[PDB]
């Protein structure tokens, strides 16, 4: 089924918003200090690592995900998105690559998504993140039924 619009919006803000806008949006879902600290580290990392072009290529890849039959025609909500997201958040390059092929990623699109994954990996942030906490809270929210 198609992704919850609020999830799509979070990811779009993550990539394109200012750090303050992204974090204040995360805080509406989960206001734990550690979650907001991690969110800001991750956001600053993606902003610094990704060029405008990289961000464009990530947005094109996400659109391939959101329109894929592996997202929309499935019984539950956009399953391929979550597979991608959690491969990113946990630094699983193999699973990320397997999932990207499924949506016909170009090489620059793969490059861009790997930059996001690198930002989770960087400086040991993969060991810290509560992956699933924010995403679970958005995806199970009343606005997502």
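Positions refer to the first chain, counted from 1.
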Given 80 to 88 and 66 to 74, the range whose Cα B-factors average higher in the PDB entry: 66 to 74
As the entry reports it, the stretch among 54 to 62 and 116 to 124 with higher mean C-alpha B factor is 116 to 124
Divide the modelled residues of the chain into thirds by Cα B-factor and specify which third, lowest, middle or highest, holds residue 104. highest
With respect to C-alpha B-factor, does residue 35 fall in the lowest, middle or highest third of the chain as deposited? middle
Among modelled residues of the same chain, the CA temperature factor third for residue 94: highest
Chain-relative C-alpha B factor for residue 134 (record values, thirds): the lowest
